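Engineer: sequence unknown, structure follows:
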């Protein structure tokens, strides 16, 4: 129905982590720490430099001066107006990125516990949200100290990746590499939003290119659609599939929703294939699917994404060193492409600034004419 | 089948240079393939591996080819917590081709039964039950000797494991001695010659044979078993026989196609010179005498000895670096005369 954003100014209170880490709001407020203004999405080091508490780590040996903060806790807090929810609607609190181990409270009620900085986190706060001003509190603990909650196997010690990185789900380069500095950091480094979902909603729209014929401008595309559908809405809701490019509608298919999960296959004509750089055009088509009430015409949900009709196959060599690394070739749309490109390292040691560099960084590959890029583990 | 020994056991094995082959506490039979048993066993394996992986004496971990226990749970623990040691998923005449034609390079010898030393019998049996024959009947054991044959549940029967004793004495000596002390010496002599033959047969078949682990050196309870020493420390006749064929450099005689083969086995990394003499006990005729060169970490053929007439026993006397070591070889085919065999051991002067 809507997506209210919770980005902006938050309250950040940081303090050294005690022997028993702080998990509750009472302990976080009782702890003796410093309170400064914070920006979400952001990194805690950015908020402290804005407060004049840390020097610029990009200059000289200032990076080492952030060392004590690896054992600090970080208490994000803000208020928010609750969006309007009607009966059957669900209120979801969405985190694009929590770095890392945090307890999330809404109006003093714990709604989740995060432990992976690389994936999104969604919590159903429908039953805990209140009318009017609400409170949202996130209490992050030390990622480095979290490693001492595990016993490492022999093979996990002594590698180039830090031992602290082995038992936790974080970016290994944040602990230090030969190309990226050590800067564990913390904070809400991606968007925080409030989402309202109708009882009839799209759970997943999976687009799959079954086959492609670039010469005949044909393609067979599959849509694996999973939805949330109350049984009173079975046979009363229809799926509206729409393929278009540059405003011109290529296909509009309608089908009655009789199940919650369906597979739709579309045999398309006059459609171009997606090619990497040099081997043709990167033809993209707008693929939209909406759940519409058959009687009232109400649109309950709409999922839109730009897809490309393309097939990928990895032809492995069977003579010259069969099974050894590098003995393969990518087969795109049946053609053996020659890959030329770069390795993708972190865009910023403070990863909340990543999104601000993607445009410039991708444009480097466009000028370089890379047809491939490997996002480094 | 045993518990995991504590730290001190491995400390003594570290100190005295005794390598340790460690089984995981798994018995005869197949076990559960479900998550509950795997999780309980993974917790046990991880705990025991971290505790013992620092001892140099420990050299191997040991656990149809689809058993989750041996082929997954235990192997994953070793893979993550001890990548330095191998893991092996392994779950009546002593000259019978059953033993002498074993194809395994590394043998786990089954061991031979042997009646304990008389002092042990009088300590673990009632005065009226010290004699094995119930009502004096040669062939029957009383209810107490059947108990000390490990009868797990008090089910009254006759026969079974206890017959392994008298059968072995009958094969080697013809009849079962009615006298108790004559039976103890006879049953101990059978176990002594049988176990000595196995060690000599595997040491003499190197380099194909790579090891031998026999059952067993000590009992865990006052019992009638195939061990060579009892729970109270009573060394049986087999213990002393095995001691003389466990030397670092041992001169032994193996049966051959047309006679016997005198040989010397070296379980060290150093070469040794010596002189070996072979003589018959009763006649005293010197069968062989000459110098030998025992090359390191291998067995060496010394000489083929001519076949002797009838029964008897040979004496192997060899000196290395001014130290006289001794061994013997029982030639001929059973049954032997117990009084004659006792005369051979007495005249030889190696044992008592």
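Structural biologist: Looks like it arrived, so ask away. Numbering: from 1, shown residues only, chains lettered A, B, ... in the order given.
Engineer: OK, contacts around the residue in chain B that chain A sits nearest to?
Structural biologist: Among the residues of chain B, residue B:80 lies nearest to chain A; the distance is 3.8 Å by CB to the nearest CB. For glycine as for every other residue, the C-beta is placed from the backbone atoms N, C-alpha and C. By CB atoms under 8 Å, 6 or more residues apart in numbering or on different chains, residue B:80 lies in contact with A:153-155.
Engineer: what about the nearest residue to residue A:293 once chain neighbours are set aside, neighbour count?
Structural biologist: Nearest residue to residue A:293, sequence neighbours excluded (CB to CB, 6 or more residues apart in numbering or on different chains): residue A:237, at 6.1 Å. The number of residues packed near residue A:237 is 21, by other CB atoms under 10 Å in any protein chain shown.
Engineer: from the chain's centroid, how far away is stretch A:247-267?
Structural biologist: Computed by CA atoms, centre = their mean, to the nearest Å, the chain-centroid distance of stretch A:247-267 equals 27 Å.
Engineer: in it, what's buried?
Structural biologist: Buried residues in stretch A:247-267, defined by neighbour count with 16 or more other CB atoms under 10 Å in any protein chain shown: A:250-251, A:257, A:264, A:266.
Engineer: now those residues in JSON lines, with secondary structure and distance to chain B?
Structural biologist: Listed next are these as JSON lines, based on DSSP: H, G, I helix; E, B strand; the rest coil; distance: CB to the nearest CB, whole Å:
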{"residue": "A:250", "secondary structure": "strand", "distance to chain B": "51"}
{"residue": "A:251", "secondary structure": "strand", "distance to chain B": "48"}
{"residue": "A:257", "secondary structure": "coil", "distance to chain B": "39"}
{"residue": "A:264", "secondary structure": "strand", "distance to chain B": "39"}
{"residue": "A:266", "secondary structure": "strand", "distance to chain B": "43"}
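Engineer: which stretches in the stretch 1-150 of chain B count as helices?
Structural biologist: Remark: helices assigned in the stretch 1-150 of chain B by DSSP state H, counting those that start in this stretch are B:7-15, B:35-52, B:68, B:74-81, B:97-100, B:118-124, B:143-147.
Engineer: need those helices in TSV (columns: distance to residue B:318).
Structural biologist: Formatted as TSV, those follow (distance: least, CB to CB, whole Å):
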stretch	distance to residue B:318
helix B:7-15	30
helix B:35-52	39
helix B:68	53
helix B:74-81	43
helix B:97-100	25
helix B:118-124	33
helix B:143-147	41
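Engineer: for chain B, tell me which of the contacts of residue B:80 show up nearby.
Structural biologist: Among the contacts of residue B:80, the ones lying near chain B by CB under 8 Å from any CB of the partner chain are A:153-155.
Engineer: report the contact partners of residue 171.
Structural biologist: No chain in the question, so chain A it is. A:117-118, A:346, A:351.
Engineer: I was thinking of chain B, sorry if that wasn't clear
Structural biologist: Residue B:171 makes contact with B:92-93, B:190, B:334-335, according to CB under 8 Å, 6+ apart.
Engineer: follow-up on the earlier one: of the contacts of residue A:171, which is the nearest to chain B?
Structural biologist: residue A:118 (23.6 Å).
Engineer: pretty sure that closest one sits against residue A:170.
Structural biologist: Yes. Using CB atoms under 8 Å, residue A:118 is in contact with residue A:170, at 7.2 Å.
Engineer: residue 233: how many residues sit nearby?
Structural biologist: I went with chain A, as the question did not name one. 19.
Engineer: wait, chain B
Structural biologist: By other CB under 10 Å, the residues close to residue B:233 number 9.
Engineer: for chain B, what's its nearest residue on the stretch 1-150 of chain A.
Structural biologist: Closest point on the stretch 1-150 of chain A to chain B, by CB to the nearest CB, is residue A:150, at 12.4 Å.
Engineer: picking up where we left off before, so between residue A:118 and residue A:170, which is more surrounded?
Structural biologist: Of the pair residue A:118 and residue A:170, residue A:170 is the one with more neighbours under other CB under 10 Å, namely 22 against 11.
Engineer: so what's the closest residue to that one other than its chain neighbours up against?
Structural biologist: In space, and not counting its chain neighbours, residue A:170 is closest to residue A:117: 5.0 Å by CB to CB, 6+ apart. Counting by CB under 8 Å, 6+ apart, residue A:117 touches A:97-100, A:169-171, A:189.
Engineer: now residue B:117
Structural biologist: By CB under 8 Å, 6+ apart, the residues touching residue B:117 are B:184, B:188, B:230, B:234-236.
Engineer: ok, these vs residue B:262, which is closest?
Structural biologist: Of all the contacts of residue B:117, the one with the least separation from residue B:262 (CB to CB) is residue B:188, at 26.5 Å.
Engineer: hang on, isn't the closest one packed against residue B:239?
Structural biologist: No. Applying CB under 8 Å, one finds residue B:188 not in contact with residue B:239, separated by 9.5 Å.
Engineer: which of these two has more residues huddled nearby?
Structural biologist: The neighbour comparison of residue B:188 against residue B:239 (other CB under 10 Å) goes to residue B:188, with 25 against 19.
Engineer: need the three-state assignment for that one.
Structural biologist: State at residue B:188, reduced to three classes by DSSP: H, G, I helix; E, B strand; the rest coil: helix.
Engineer: distance of it from residue B:311?
Structural biologist: According to CB to CB, to the nearest Å, residue B:188 and residue B:311 sit 20 Å apart.
Engineer: hang on, the earlier thing: report the buried members of the contacts of residue B:171.
Structural biologist: Here, 16+ other CB under 10 Å leaves B:92, B:190, B:334 buried among the contacts of residue B:171.
Engineer: would you point out which residue is most central in chain B?
Structural biologist: Centroid check for chain B by CA atoms, centre = their mean gives residue B:214 as the closest residue, at 3.9 Å.
Engineer: wait, what's in contact with that residue?
Structural biologist: Per CB under 8 Å, 6+ apart, neighbours of residue B:214: B:108-109, B:111, B:195, B:198-199, B:242.
Engineer: nearest to residue A:371, of the contacts of residue A:171?
Structural biologist: Of those, the one sitting nearest to residue A:371 (CB to CB) turns out to be residue A:346, at 22.4 Å.
Engineer: neighbours of the closest one, just the number please.
Structural biologist: 18.
Engineer: just checking, it touches residue A:173?
Structural biologist: Yes. Counting by CB under 8 Å, residue A:173 is a contact partner of residue A:346 at 5.7 Å.
Engineer: what is in contact with these two at once?
Structural biologist: Joint contacts of residue A:346 and residue A:173 (CB under 8 Å, 6+ apart) are residue A:180.
Engineer: before we move on, back to that, partners of the residue nearest to the centre of chain B in the sheet?
Structural biologist: For residue B:214, the beta-bridge partners under DSSP bridges are residue B:109.
Engineer: residue B:253 now?
Structural biologist: On the basis of DSSP bridges, residue B:253 is bridged to residue B:262.
Engineer: between all of the contacts of residue B:117, which two are separated the most?
Structural biologist: Largest separation among the contacts of residue B:117 by CB to CB: B:184 and B:235, giving 13.0 Å.
Engineer: which one's more surrounded, the two?
Structural biologist: Counted by other CB under 10 Å, residue B:184 and residue B:235 do not tie: residue B:184 has more neighbours, with 21 against 16.
Engineer: show me what contacts that one?
Structural biologist: Residue B:184 is in contact with B:115-118, B:121, counting by CB under 8 Å, 6+ apart.
Engineer: in the stretch 1-150 of chain A, which spans are strands?
Structural biologist: Ranges of strands in the stretch 1-150 of chain A, per DSSP state E, counting those that start in this stretch, are A:2-5, A:8-16, A:34-40, A:72-81, A:90-95, A:98-99, A:101-106, A:109-115, A:121-124, A:133-140.
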